[PDB]
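Here the Cβ positions follow ideal geometry from the backbone for every residue, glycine too, while neighbour counts run over all protein chains shown. Read-outs throughout are calculated quantities, based only on the coordinates presented, and are distinct from any laboratory measurement.
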Amino acid sequence: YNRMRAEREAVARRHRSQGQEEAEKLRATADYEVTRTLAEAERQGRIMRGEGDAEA
Amino acid sequence: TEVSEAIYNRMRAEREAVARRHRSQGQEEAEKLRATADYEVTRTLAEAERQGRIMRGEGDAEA
Amino acid sequence: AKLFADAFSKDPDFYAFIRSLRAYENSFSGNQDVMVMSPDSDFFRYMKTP
Amino acid sequence: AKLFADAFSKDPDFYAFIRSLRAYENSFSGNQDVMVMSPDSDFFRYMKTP
Amino acid sequence: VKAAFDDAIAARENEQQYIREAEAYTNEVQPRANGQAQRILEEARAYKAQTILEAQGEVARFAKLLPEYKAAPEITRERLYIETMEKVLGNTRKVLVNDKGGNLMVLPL
Amino acid sequence: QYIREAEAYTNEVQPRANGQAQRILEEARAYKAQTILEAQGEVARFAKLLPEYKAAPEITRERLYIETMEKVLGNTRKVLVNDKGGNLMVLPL
Amino acid sequence: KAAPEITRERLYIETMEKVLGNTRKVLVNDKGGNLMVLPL
């Protein structure tokens, strides 16, 4: 009974691991996308600032 | 028993995401409105500042 | 690198001027630095009665 | 070492430039050091009136 | 061993919920980013307008001032000079030690 | 027990590092994207500026020079003392 | 190899800016011949 309990818990950990691993991966790719969107916006602002400088 | 108990937890999470999206979506719209508003405010404030400089320069030149 | 090189490969001296000035502002940004200048310097050439 | 050698062997001078610069950043990172420069230094050549 | 059995069934369900949390995070952080983008962009627009308007005003002051100087350059130069100098001299700790005096100490706190 | 105990531990860490490894990569990719984007903007801003300078290089150099100096000078402590007296102590902390 | 001068200058200014901005500086005239370190 003790030995059967130990192997049953290993399957539970695998599931948890997978879920935790999947969650991390999902958050990782989402952060990349957010960084891209913010970087793109910052690039457009520079152009606008340059126009003012040139005109000024 | 335990199956149904954990099934309810999953259904609650789905609802949260949907609700979270709505609230987050609304905040985005509000943020854009405030952003343009601030721009116009700065514009008006800067427009007056230009008129002020002219007046200030005129006085100095006269003096 | 490529982008910067191309963009600046037309007027390198001007790029050095702008980029150098930018570095100065960010370098001395902190208020924990001292600059022991002289009054006879070129920048302060307008502090002498015309 | 083998890997590094062949790679850098191509351009030895360029490897010295980047590697040396990297070392400076990794060395002077801390805020417990001082750099007593001058205005005559070539880095501050643009600090003088154009 | 019955206890461990239900725990494994709960694990599978726990995998699916974590996904939803990550999914919600992505569906919540991404809209936020879009809002933060329109803010910085609007700020840039203001910057352009601001400098342009400020430049115009300063230009106008210079224009007016210019002929006045061309009439009496020396008089204008002396007045403007003294006025500027007086301000800086009255906002700093001066010494006025004769040329003779050499070595000094800065004493930076 | 120990065998099974340590077996589970080894199993556990394995996917744990995978997520970390994938995350690290994603972070690197984001940096790359930002770098490229930042370059473009700077180049664009520079480009526009350039023709203006071509018209009045002396005035442009002067204005920009005074603007920068004023900023740095305004923050750092100044002395403005005769260079002839080339003896000084720094007294740092 | 395409643009050594332009890329070399950028790297130099870039690196310099970092170290310079993270360290104390004096900038006293080169003519100066005396200075006291006063360390711990």
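Does B:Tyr39 fit the bill of being more than 9 Å from every other protein chain (Cβ to nearest Cβ) and either within 15 Å of E:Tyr47 (Cα to Cα) or part of a helix (DSSP H, G or I) (or both)?
So B:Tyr39 fails the test.
I'd like to know if the stretch C:23-35 contains one or more residues that are surrounded by fewer than 18 Cβ atoms within 10 Å (Cβ to Cβ), of a type outside the set (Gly, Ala, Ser) and under 12 Å from the mean Cα position of the chain (by Cα).
Checking the stretch C:23-35: at least one residue is surrounded by fewer than 18 Cβ atoms within 10 Å (Cβ to Cβ), of a type outside the set (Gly, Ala, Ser) and under 12 Å from the mean Cα position of the chain (by Cα).
Within the stretch D:1-22, count every residue that is more than 12 Å from the chain's Cα centre (by Cα) and not polar (S, T, N, Q).
12
Condition check: more than 10 Å from chain A (Cβ to nearest Cβ), exposed (fewer than 15 other Cβ atoms within 10 Å of the Cβ) and either among the acidic types (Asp, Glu) or over 23 Å from C:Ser41 (Cβ atoms) (or both). Does F:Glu27 satisfy that?
So F:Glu27 does not fit the description; no.
Go through the stretch F:16-38 and report how many residues are farther than 14 Å from A:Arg36 by Cα, out of contact with any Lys or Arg (no Cβ under 8 Å at 6 or more places or on another chain) and not β-branched (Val, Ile, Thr).
Selection size over the stretch F:16-38: 6.
Residues that are of a type in the set (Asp, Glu), facing chain B (nearest Cβ under 9 Å) and within 30 Å of A:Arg49 (Cα to Cα): does the stretch E:62-81 have at least one?
No; the residues of the stretch E:62-81 include none that is of a type in the set (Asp, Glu), facing chain B (nearest Cβ under 9 Å) and within 30 Å of A:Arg49 (Cα to Cα).
Have a look at G:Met36, G:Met16 and point out the one that is surrounded by fewer than 18 Cβ atoms within 10 Å (Cβ to Cβ) and more than 7 Å from chain C (Cβ to nearest Cβ).
The unique qualifying residue is G:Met36.
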